[PDB]
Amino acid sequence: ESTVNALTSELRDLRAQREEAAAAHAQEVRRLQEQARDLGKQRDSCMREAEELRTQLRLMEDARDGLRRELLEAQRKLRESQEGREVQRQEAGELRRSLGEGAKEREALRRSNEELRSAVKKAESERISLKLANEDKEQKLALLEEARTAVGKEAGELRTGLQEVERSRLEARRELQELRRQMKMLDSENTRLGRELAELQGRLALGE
């Protein structure tokens, strides 16, 4: 009685304790299994992002490098255009240098150009005046030429009359000296006649 009931109390006691023990462990294994699930999925979520960020890095690292190449080329293009501009400034100074000396040759020539035209307007007035003087000297030459031709005809004819007058003074001298011959004879004839009157009127008283 007191032996069997005291033992049955513990046999119900252990059957109950084992009921609670199997409860507790049926609970932890479910929780602990649920903890490995949360830790299993987070670990797998991190391996997803582990690659995801590693690839997004490489693109940046490349994106960076494409930029470092592109800057260094733009620096290059800018040093080519400024250097290209310094020559443009030189070229300009050289163009204006020749442009001003070109307008300094343009003055020398336009000035010698008027010196020529101002020397051709005297060369023409000196021509027209030397011709005018030389034209008047031939119109003087006829006027002085006829003057000699006129006085040449005068003495030319005046000499011919000189010859006719010497003709007339010769024929007159011949007639004069011839008739003095004739007067001289007739003068002897007159003194002869008066000799015949002297002999007749004289020997008349002597003959008878």
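Counting begins at 1, following the sequence as shown.
For the segment pair 60 to 68 and 24 to 32, the entry gives 24 to 32 the higher mean B-factor, averaged over Cα atoms. Legend: mean Cα B-factor per stretch from the PDB entry, 134 to 142 versus 72 to 80; the higher mean is in 134 to 142.
Among the modelled residues of its chain, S45 has a C-alpha B-factor that falls in the highest third, as given in the PDB entry. Placement of the Cα temperature factor of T55 within the chain: highest third of the modelled residues, per the deposited record. When all modelled residues of the chain are sorted by CA temperature factor, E10 is found within the highest third. When the CA B factors of the chain's modelled residues are split into thirds, the value for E196 lands in the middle one. In the PDB entry, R37 places in the highest third of its chain by CA B-factor.
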